[PDB]
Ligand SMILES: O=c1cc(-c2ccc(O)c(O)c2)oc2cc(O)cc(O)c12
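Okay, so here's just one chain, in structure tokens, the form solved without this ligand.
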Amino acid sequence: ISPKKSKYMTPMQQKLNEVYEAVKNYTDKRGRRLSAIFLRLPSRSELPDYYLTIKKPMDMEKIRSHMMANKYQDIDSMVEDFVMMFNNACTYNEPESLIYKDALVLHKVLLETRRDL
């Protein structure tokens, strides 16, 4: 159960949402939306080994709900959560894996987007 969304979006929320959407909406040459696998982690019952391999689980739905509850006090705090999520993907998965490679690309999209705001 996620925190209740706020009525209007603060300016900070709008700025954060611009970053969130840039990462969510990014597509490769073949139009594949790289974010799909990062939207929601499987549960502990579904992927138990994962949760003992990384220190702090993160997915985009967690970030989104925190963002929509007006809980992020600045851009860097959300960027940190995206970095942790991509770092976690590169920890658990092999460098030869698609998920790992997509994590490197979206990490770049993330930092470029912040840079350009």
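All residue numbers refer to positions in the sequence shown, first residue = 1. We call the rigid core whatever largest set of C-alpha positions still superposes within 1.5 Å between the two forms.
Between 71-79 and 44-52, the larger mean CA deviation from the shown form in 8 other deposited structures of this protein, after core superposition, belongs to 44-52.
Larger root-mean-square CA separation from the shown form, computed after a rigid core fit of the structures in 8 other deposited structures of this protein, is seen for 11-19 when 103-111 is set against 11-19.
The mean C-alpha temperature factor is higher for 12-20 when 12-20 and 91-99 are set side by side.
Stretch comparison (26-34 versus 79-87) by mean CA B-factor in the PDB entry places 26-34 on top. In this PDB entry, the Cα temperature factor of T53 sits in the middle third of its chain's modelled residues.
The same protein also has a form solved in complex with this ligand, omitted here; what follows describes it.
The three marked residues, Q73, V79 and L117, fail to reach this ligand in the bound PDB entry, with no heavy atom of any inside 4.5 Å. Using a 4.5 angstroms threshold between heavy atoms, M68 stays clear of this ligand in the bound PDB entry. Interface residue remark: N93 is counted as part of the site for this ligand in the bound PDB entry, having a heavy atom within 4.5 Å. This ligand is not shown here, but in the bound PDB entry it comes within 4.5 Å of a heavy atom of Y50. Taking the partner from the other structure, this ligand in the bound PDB entry has a heavy atom within 4.5 Å of a heavy atom of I99.
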